[PDB]
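# Observations on the model geometry
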Amino acid sequence: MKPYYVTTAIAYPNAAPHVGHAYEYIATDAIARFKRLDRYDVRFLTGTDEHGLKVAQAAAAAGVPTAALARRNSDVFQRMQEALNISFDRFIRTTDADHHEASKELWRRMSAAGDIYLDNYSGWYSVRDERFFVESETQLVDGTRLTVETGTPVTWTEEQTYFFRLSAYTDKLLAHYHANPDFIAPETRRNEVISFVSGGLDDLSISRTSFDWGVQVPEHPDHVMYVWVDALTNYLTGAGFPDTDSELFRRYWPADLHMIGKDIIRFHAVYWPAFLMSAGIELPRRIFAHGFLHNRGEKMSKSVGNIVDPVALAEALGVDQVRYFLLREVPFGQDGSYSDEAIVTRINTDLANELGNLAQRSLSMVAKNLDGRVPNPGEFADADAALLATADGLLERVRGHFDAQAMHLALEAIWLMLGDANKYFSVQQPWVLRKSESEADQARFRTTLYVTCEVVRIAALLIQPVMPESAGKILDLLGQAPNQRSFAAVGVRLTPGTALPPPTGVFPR
Ligand SMILES: CSCC[C@H](N)C(=O)OP(=O)(O)OC[C@H]1O[C@@H](n2cnc3c(N)ncnc32)[C@H](O)[C@@H]1O
């Protein structure tokens, strides 16, 4: 029962949630659930990042106070995650009181280590990215200043702000990345982060004067904290900071994994660790940056109205079918395309057929031909034993894949096994054998059928992280109790004589 603390990046509630958000929550819910089934004590944090201009500007364009849009749109994210069956332990909002408190304390410590200082800032702020750029990192295109990287507009900003002594931590960071090879995944993202930090870091503005929407800097009410300082702090707040001598913080911090997307990696792999080093806090163990998801182009909303609502998509296709597609279509870490044709055919071949047809055809035979009881198998032939051996070795393989955030390869391995089982079912042809008078073929019918059920049972157990309801539905159909559904149950075979209730379809769609 070792602790495992796993977090998602928290979303700006400035707009409705797109599929990219639901991708991050689903991948992380898969990891969370796998760990619970594998006997870890999981704390799973998600939520919203309610401060900053980006949110304040969306409020004024609506014609409403900022805190109103914050609570309303935060509820939409929360309700969306309920629908997608995200098993978060806490949903953190940055307006929360204890969060305000956690941030003040983090600042107090960075002050107390001599890493915050007042100075004049001049430069370009992108409200859409909540982030500063130097003039070199912007282009003038038809009389409009856009960032070179993202193509987003920028604002000239002259203010007096508190800075963080980020340049002091360049080599301590490089030391850390070197000593902890698995701190940043995937490996492509690691070498990018190492490139940037080797170029040298400049000090970082961490307060704002021009607006009041945010956590006030302690002993300087005239300032609010840069939204990213307070936002990163949510991970500390999710484990009971500032009370560092509490059960939660002692148990769960340091976080075992931050799931984020590749655009916010610098905040998590450079700025966040430096703040923590400054404040004398233990760093997180690992950061996995997942790739973007397109609609044949990045989803642009207004530029191209090609957004994909995951709640619509979940009602359109089923929650579990969407969670399977997102974790199967794309290799986790790389960029990928969503398309309406790709998902339907994926759901059709992988779930409707390879999995669900195999289950219905075996579970129906049990109901018709065997009085709805699990059969007693005899001596397993070599083809039976080879199928049972691949399936008995899945838990180890899938476990390895989940520990590198390669959920896609776990699913591939589980489906290569199902593909063997279908071929096995075709070549053993039990539909022939059930209609026979000799007791040899009747025992042989009972054996083949038992194997197919025992294989499907294993698949169901291992698919619980990705498809909780549909996995559970199959385990119901195989007569499994509510205490025989953890990964310990993978090792314990399907007992002959169990009553299987009358087959209903797992994927009515
Ligand atoms: C202390 S963390 C605060 C983070 C900050 N609050 C923030 O970044 O706000 P956010 O609401 O835009 O968060 C979006 C998250 O979803 C991913 N993402 C977004 N769109 C995506 C897409 N189309 N495809 C794939 N991934 C996507 C993206 O990488 C990011 O991780």
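Residues numbered from 1 in each chain as written, not as in the entry; some residues may be left out. Heavy atoms only, no water. Residues with missing side-chain atoms left out of burial classes, pairs and counts.

## Brief notes about the domain arrangement of the protein chain
If you check the domain split of the protein chain, you get domain 1 (1-114 + 228-338), domain 2 (115-227) and domain 3 (339-509). Here domain 1 and domain 3 have C-alpha centroids that lie 35 Å from each other. Of all the secondary structure elements, the ones that give two or more residues to the side of domain 1 that touches domain 3 are α1 (19-37), β14 (257-261), α11 (310-317) and α12 (319-329). Looking at the side of domain 1 that touches domain 3 residue by residue, the class counts come to 19 nonpolar, four polar and 11 charged. (Domains from an automatic or database assignment. Helix = DSSP H or I, 4+ residues; strand = E, 2+ residues; numbered from the N terminus. Nonpolar A, V, L, I, M, F, W, Y, C, P; charged D, E, K, R; others polar.)

## Concerning the site of the ligand
In the vicinity of the ligand, 21 residues are found, and the nearest of them are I10, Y12, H18, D263 and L293. Here a nitrogen atom of the ligand and a side-chain polar atom of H18 are 2.8 Å apart. Within the side chain of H21, one N or O atom sits 3.2 Å away from an oxygen atom of the ligand. With the chains in place, 92% of the 660 Å² that the ligand exposes on its own is no longer accessible. (Near = heavy atom within 4 Å. Polar contact = N/O pair within 3.5 Å; in protein donor to acceptor, adjacent residues only side chain to side chain. Areas by Shrake-Rupley, 256 points an atom, 1.4 Å probe, with all protein chains shown as cover.)

## Describing the packing of helix α14 (residues 382-392) against helix α16 (residues 407-428)
α16 packs onto α14 with a crossing angle of 165° between their chain directions and a minimal axis gap of 10 Å. As far as their axial angle goes, α16 and α14 are roughly antiparallel. In the packing of α14 onto α16, the handedness of the crossing is left-handed. Contact residues: α14 offers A383, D384, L387, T390 and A391, while α16 offers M417, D420, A421, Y424 and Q428. When its residues are assigned to classes, the contact of α14 with α16 shows six nonpolar, two polar and two charged. (Axes fitted to C-alpha atoms, helices over the stretch in contact; angles between N-to-C directions. Parallel < 35°, antiparallel > 145°, perpendicular 65-115°, else oblique. Left-handed = near helix turned anticlockwise from the far one by under 90°. Contact = heavy atoms within 4.5 Å.)

## Details of the sheet that holds strand β8 (residues 155-164)
Sheets are built from strands paired through backbone hydrogen bonds, the pairs being either parallel or antiparallel. Strands sit in the order β5-β4-β8-β10 across an open sheet of four strands; the sheet is antiparallel. Edge positions in the sheet fall to β5 (131-133) and β10 (204-205), since each of these pairs with one other strand and no more. Pairing between β8 and β10: two bridges, direction antiparallel. Looking at the pairing, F164 lines up with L204 of β10. (Pairing = 2+ DSSP bridges.)

## Remarks on the sheet that holds strand β1 (residues 3-8)
Here we have six strands laid out as an open sheet, ordered β3-β2-β1-β14-β15-β9, and parallel in their pairing. Of all strands in the sheet, those bounded by a partner on one side alone are β3 (90-93) and β9 (184-185). Alignment of β14 against strand β15 (residues 287-290), held across four bridges, turns out to be parallel. Residue pairing for β15: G261 is matched across the bridge by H290.

## Brief notes about the pairing of strand β4 (residues 116-126)
Where β4 and β8 come together, 10 bridges link them in antiparallel fashion. What sits directly across from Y117, in β8, is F163. Here β4 folds back onto β5, and the loop between the two strands holds four residues, one of which, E130, carries a positive phi near 45°.

## Thoughts on the pairing of β1
Counting buried residues in β1 gives five out of six residues, a clear majority hidden from the surface. Bridge count between β1 and strand β2 (residues 41-48): five bridges; the pairing is parallel. Residue pairing for β2: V6 is matched across the bridge by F44. As judged from the three bridges shared by β1 and β14, these two strands associate in the parallel manner. For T7, the partnering residue across the bridge sits in β14 and is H258. (Buried < 20%, exposed > 50% of the residue type's maximum accessible area, 1.4 Å probe, protein only.)

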